[PDB]
Every structure is written in structure tokens, then in C-alpha cells.
């Protein structure tokens, strides 16, 4: 492949395209949200390539889910996740947002198209997981 800068450039260009596709008037606060989230993920000690790819993949799934009307529900859960009581309640709502984004990927005709190939192509994968699950049982 290429360098870390090439991955970050391509992914951040993808994110910027997602922000340009939002109604003007939201792009300012959306630009601010991208800045602090990247800052927060940087203070996590997480490598910048991992954080940028997480941001880019979530942003792509936020755009797809917004096209099917789920942006209102996702923003509501994002508020509850950050205002929750403890850490364990945050992840619970985090996994709830991830579910809606994943099901919106299944509602997308092209996303369901590729999600079915992910299911079929896994045929060679089940046997190997079965093969070593059997080996782990003997251990």
C-alpha cells in the first residue's frame, strides 16, 4: 500500500465530501464536531490512522442512514450517550446507534446487495472457524 498520510488524506477527503453533501447552515457546526471528535480520539492514545478510519466509516454510515430518515434518531441517541450516567451506559447507547446504522445498510438496496455477498462468500470461512473451534474443544 501507501503511507499513513495517503490513508488519512483519502479518508479525510471522503469525510469532507460527506460534509459538502449536507445542507448549508449545518456544515459549520458539523465541521466543529469533526474537529473535536478527532481531537478527543487523539487524546485516547489511539493511532491517527485508526481514528481517522473510524471517523470516516462512521461518517459514511451516518450519511447513508440520514438518507433514510434516521439522522433524527441517531442525533437523539448521541445526546443521550454523552449525557449518560456512567461509562457502561454510554457503550449501550453507542451499540444502539451502531445497530441503526447497520440496519440502514441492510435497508439500502446496494448495501443489502453487498451484505448478501458477505454472507455467501463466508462459506469458505465457516469451515475454517469450525475446523479450529473443533481443535479448541480438544485443547
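Positions refer to the first chain, counted from 1.
In this entry, 91-99 has the higher mean Cα B-factor, the comparison being between 91-99 and 52-60. As listed in the deposited structure, the average C-alpha B-factor of 7-15 and of 125-133 is greater for 125-133.
Within the group 44, 65, 81, 37, the record's highest C-alpha temperature factor is found at 44. Ranked against the other modelled residues of its chain, the C-alpha B-factor of residue 77 as given in the entry falls in the middle third. Residue 33: CA B factor in the lowest third of modelled residues in this chain (values from the PDB entry). In the deposited entry, the Cα temperature factor of residue 112 places it in the middle third of its chain's modelled residues. Sort the modelled residues of the chain by CA B factor and residue 106 lands in the highest third.
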